[PDB]
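> got a sequence here, can you build the structure:
(4 chains, ligands or ions: 1)
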There are 4 protein chains.
Amino acid sequence: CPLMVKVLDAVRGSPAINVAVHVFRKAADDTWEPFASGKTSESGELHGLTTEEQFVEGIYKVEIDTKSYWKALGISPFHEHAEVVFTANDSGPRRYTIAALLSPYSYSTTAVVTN
Amino acid sequence: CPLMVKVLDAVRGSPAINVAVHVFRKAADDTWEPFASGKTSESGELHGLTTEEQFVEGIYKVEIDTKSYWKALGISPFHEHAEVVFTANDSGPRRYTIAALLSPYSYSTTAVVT
Amino acid sequence: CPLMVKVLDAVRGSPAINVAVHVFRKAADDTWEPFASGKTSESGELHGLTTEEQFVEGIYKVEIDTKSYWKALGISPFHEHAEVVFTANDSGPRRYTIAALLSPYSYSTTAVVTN
Amino acid sequence: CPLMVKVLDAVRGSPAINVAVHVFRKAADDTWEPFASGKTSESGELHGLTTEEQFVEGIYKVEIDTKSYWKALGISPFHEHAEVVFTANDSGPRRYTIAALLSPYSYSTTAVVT
Ligand SMILES: Oc1ccc(/C=C/c2cc(O)cc(O)c2)cc1
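Residues are numbered from 1 along each chain as shown, chains lettered A, B, ... in the order given. Structure data below:
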């Protein structure tokens, strides 16, 4: 489990459940190719997106479908989605936890990188 | 205007208007004595809280009544209020802008010292 | 484990380890009396602060000694500390996770409340 | 000034100066076409990116080159950049202020629509 995504709801004070997450990897031609996807669980977490073998060095984009999340709650959000673009494993395999705290007109994201 | 407070609403995407703000200064006996207070304007800002002469070195506490703000919007907030406690150093010309971004169960605050 | 504190470092992308945390409860005379204290572990978490029996309704203040944390890293922080003041269990026992993301001149805190 | 960008530094407690900002608009073919660009000023702000006439309804992407900002400070950041993607509705008079608070491994962004 080298890549983990945690999504929290700042309005309800709870995990953001069933949020669609799409992960892409930048290909040689500067194109974003689908890498993995899933939905957050009851704990607002998404595990098992990839393996150490498949998660090679590269530029990755974690796209969180925040818009659909808020719409389902009857709130008109500002953002189309939240994106986190980062270079991974450039100096060896690391464990990445990408966390996002969501509000209708704002979001905060942080990363926790472990060995 | 050595001290300025800016409050934003992360739910409505607007300035947090009419939010009560109380500023205290720590006294010699470790007690918090009232220093200044006001309410944010239409731009979610609060100016003229103090002057350079009165704003001396010390420990200050900026208390933002976030609870009343959310209650007025029909939302039950988590926090009683948001507090920002800092030491106003006074080492060279400095203006302090305390900004706070509010959500019902969360708040973020930052300081811009220029 | 009705009260949990999680502290993260936004500068290093890691858990904030060994951060002193003091919890107070507002007494009848509007005074803050010591309730519990501890230091965050390697995971940036602090468990076992109290029990369901002892964690009664009331106003609590979680004080995070952020200043000492940054000083130890050779960084002069803005805040003396970070405080989170909230009413707990006013409508029955709840589980509270208080999270704080720290930066030298900024901090973000959120709460996750469970049944 | 229908669109304004404000960038702050959470590590130094100051405006994020000289940060490159690129704005794109989604074209009919789902492609991102350059719309405007600039660099934040001493106040960490970027004004005059567009006009009311040119800023029509559509999906816009504000890209903040955070990586270059941190590298210049001798800090290795986590993100390649920070992006803010939103639909500019155009329902009544509206000004958009996109604010971003930057940290090496974290960033927070909010929108103030007044
Ligand atoms: O502004 C904010 C941005 C991010 C966060 C993250 C919190 C968090 C808490 C956990 O227990 C586990 C985790 O992986 C992440 C909190 C506030």
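> could you find the closest non-adjacent residue to residue A:109?
With sequence-adjacent residues excluded and distances taken as CB to CB, 6 or more residues apart in numbering or on different chains, residue A:109 is closest to residue A:100, at 4.5 Å. For every residue, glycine as well, the C-beta is placed using N, CA and C.
> and the helix or strand harbouring that neighbour, C-alpha only, in CSV?
Assigned by DSSP states H and E, residue A:100 falls within strand A:95-103. The C-alpha atoms that make up strand A:95-103 are tabulated as CSV, following Å, rounded to 0.1, in the frame of the first residue of the first chain:
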residue,chain,number,x,y,z
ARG,A,95,4.7,5.5,0.9
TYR,A,96,2.4,8.3,0.1
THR,A,97,-0.7,9.4,2.1
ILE,A,98,-2.6,12.2,0.3
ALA,A,99,-5.1,13.9,2.5
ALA,A,100,-7.7,16.5,1.5
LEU,A,101,-10.0,18.5,3.7
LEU,A,102,-13.0,19.8,1.8
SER,A,103,-15.2,22.8,2.0
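> give me the element the residue nearest to residue A:64 when sequence neighbours are not counted is part of.
For residue A:64, ignoring the flanking residues on the chain, the nearest one in space by CB to CB, 6+ apart is residue A:82 at 4.4 Å. Element membership for residue A:82, per DSSP H and E: strand A:79-88.
> got it, and residue A:69?
Per DSSP H and E: helix A:66-71 holds residue A:69.
> for that helix, which positions count as buried?
Going by neighbour count (16 or more other CB atoms under 10 Å in any protein chain shown), the buried part of helix A:66-71 is A:66, A:67, A:69, A:70.
> wait, which of those is closest to chain B?
Nearest to chain B out of those is residue A:70 (CB to the nearest CB; 10.4 Å).
> who touches the closest residue to that closest one other than its chain neighbours in this structure?
Once flanking residues are discounted, residue A:70 sits nearest to residue A:77: 3.8 Å by CB to CB, 6+ apart. For residue A:77, the residues meeting the contact criterion (CB atoms under 8 Å, 6 or more residues apart in numbering or on different chains) are A:66, A:67, A:69, A:70, A:71, A:104, A:105.
> need the residues you listed in CSV (columns: distance to the ligand).
Formatted as CSV, the contacts of residue A:77 follow (distance: CB to the nearest ligand atom, whole Å):
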residue, distance to the ligand
A:66, 14
A:67, 19
A:69, 16
A:70, 17
A:71, 22
A:104, 15
A:105, 14
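> what's stretch A:23-32 in contact with?
Outside stretch A:23-32, the residues touching it (CB under 8 Å, 6+ apart) are A:3, A:33-37, A:49-50, A:58-63.
> just the strands in chain A please.
A:3-9, A:14-15, A:20-26, A:32-39, A:45-46, A:58-64, A:79-88, A:95-103, A:106-114 (DSSP state E).
> closest one of the contacts of stretch A:23-32 to residue A:112?
residue A:3 (11.7 Å; CB to CB).
> looking at it, residue A:14 is touching residue A:42, isn't it?
No: with contact defined as CB atoms under 8 Å, residue A:14 does not count as touching residue A:42 (9.7 Å).
> ok, the two, which is more surrounded?
Remark: of residue A:14 and residue A:42, residue A:14 carries more neighbours, 17 against 9, as counted by other CB atoms under 10 Å in any protein chain shown.
> beta partners of the more buried one?
Judged by DSSP bridges, the bridge partners of residue A:14 are residue A:9.
> ok, now which ones touch it?
A:8, A:44, C:112, C:113, C:114.
> what about the last one, how many residues nearby?
Other residues within reach of residue C:114 by the criterion other CB under 10 Å amount to 12.
> now do the residue of chain A found nearest the ligand against chain D, distance only.
Residue of chain A nearest the ligand, by CB to the nearest ligand atom: residue A:108 (3.4 Å). Residue A:108 is 4 Å from chain D, where distance means CB to the nearest CB, to the nearest Å.
> quick one, what contacts residue A:106?
A:10, A:78, B:10, B:13, B:101, B:103, D:108, D:109, D:110, D:111.
> near chain C, which residues of chain A show up?
Counting by CB under 8 Å from any CB of the partner chain, chain A comes close to chain C at A:8, A:10, A:13-15, A:99, A:101, A:108, A:110-114.
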